[PDB]
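*Asks:* Take a look at the following structure, please.
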Amino acid sequence: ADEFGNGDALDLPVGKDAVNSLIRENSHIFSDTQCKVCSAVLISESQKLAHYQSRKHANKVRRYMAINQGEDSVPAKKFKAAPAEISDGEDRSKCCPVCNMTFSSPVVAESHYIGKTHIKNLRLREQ
Ligand SMILES: [Zn+2]
Ligand SMILES: [Zn+2]
């Protein structure tokens with residue numbers, strides 16, 4: 001309500017060589033057929049080349065990089081032992097896909113599913 005314009009700058013990749021290098025240097029979030037930051041599939045190289053050079057992708061990456069500096073409260077405060085040896089499963093006693101997190105012991109998972117940590121993520125997925 002106090003402006004009518006803004007500045008301009010560019011630091012994005014340019015050409016197939018830059019996009020392939022950017023994918024390799026960020027293999028944990030970017031790939032030859034999917035971008036996790038923008039949670040979108042890239043069914044062909046022409047879509048991959050357009051997506052990684054898009055102004056929308058660059059803004060999404062800038063926001064994601066700023067968010068990727070901390071996290072909210074979680075009941076997983078301390079640990080020492082557990083009633084089961086599960087360490088690579090997908091059960092509710094070890095992980096939560098709504099929040100995309102894992103827990104050391106079933107009691108921590110039970111505490112998470114009834115605490116504010118889960119509810120904060122309900123609103124995140126909902127909106
Ligand atoms: Zn993207
Ligand atoms: Zn959860």
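Each answer follows from the model by the rule given with it, or from the source it names; none is laboratory data. FYI the Cβ positions are ideal-geometry reconstructions off the backbone, even for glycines, and counts take in every protein chain you see.
*Asks:* Do any residues in region 70-91 that are free of Cβ contacts under 8 Å to residues at least 12 places away in the same chain have Cβ atoms under 7 Å from those of residues that are among the basic types (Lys, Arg) and assigned to a loop (DSSP other than H, G, I, E, B), where the two are at least six apart or on different chains, and which pairs are they?
*Replies:* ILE86/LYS94
*Asks:* Related question: So, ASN26, is that one more than 18 Å from the chain's Cα centre (by Cα) and within 16 Å of ligand 1 (Cβ to nearest atom) or not?
*Replies:* So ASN26 fails the test.
*Asks:* For region 16-35, give me each residue that is exposed (fewer than 10 other Cβ atoms within 10 Å of the Cβ) and either under 13 Å from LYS48 (Cα atoms) or among the β-branched types (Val, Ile, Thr) (or both).
*Replies:* If the condition is that a residue be exposed (fewer than 10 other Cβ atoms within 10 Å of the Cβ) and either under 13 Å from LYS48 (Cα atoms) or among the β-branched types (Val, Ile, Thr) (or both), then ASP17 is the only one that fits.
*Asks:* Got a sec? Which of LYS77, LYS60 is under 30 Å from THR117 (Cβ atoms) and surrounded by 10 or more Cβ atoms within 10 Å (Cβ to Cβ)?
*Replies:* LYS60 is the lone residue from the list that is under 30 Å from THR117 (Cβ atoms) and surrounded by 10 or more Cβ atoms within 10 Å (Cβ to Cβ).
*Asks:* Moving on to the next point. I need the full set of residues from region 42-57 which are exposed (fewer than 13 other Cβ atoms within 10 Å of the Cβ) and of a type outside the set (D, E, K, R), in order please.
*Replies:* If the condition is that a residue be exposed (fewer than 13 other Cβ atoms within 10 Å of the Cβ) and of a type outside the set (D, E, K, R), then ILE43, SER44, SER46 are the ones that fit.
*Asks:* Just to verify a result, which residue in region 20-45, among those that are β-branched (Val, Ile, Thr) and outside any helix (DSSP H, G or I), is farthest from ligand 2 (Cβ to nearest atom)?
*Replies:* For region 20-45, the residue satisfying everything is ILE43.
*Asks:* If you take the residues in region 6-19 that are assigned to a helix (DSSP H, G or I) and of a type in the set (A, V, I, L, M), which one is nearest to ligand 2 (Cβ to nearest atom)?
*Replies:* The selected residue is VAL19.
*Asks:* If you check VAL37, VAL98, which single one turns out to be in contact (Cβ under 8 Å) with a residue 24 or more places away in the chain, in contact with a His (Cβ under 8 Å, 6 or more places away or on another chain), within 28 Å of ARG125 (Cβ to Cβ) and not assigned by CATH to the domain that holds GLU126? I'd like the intermediate steps shown before the answer.
*Replies:* Values: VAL98 fails: not assigned by CATH to the domain that holds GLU126.
None of the other options fit; the residue is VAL37.
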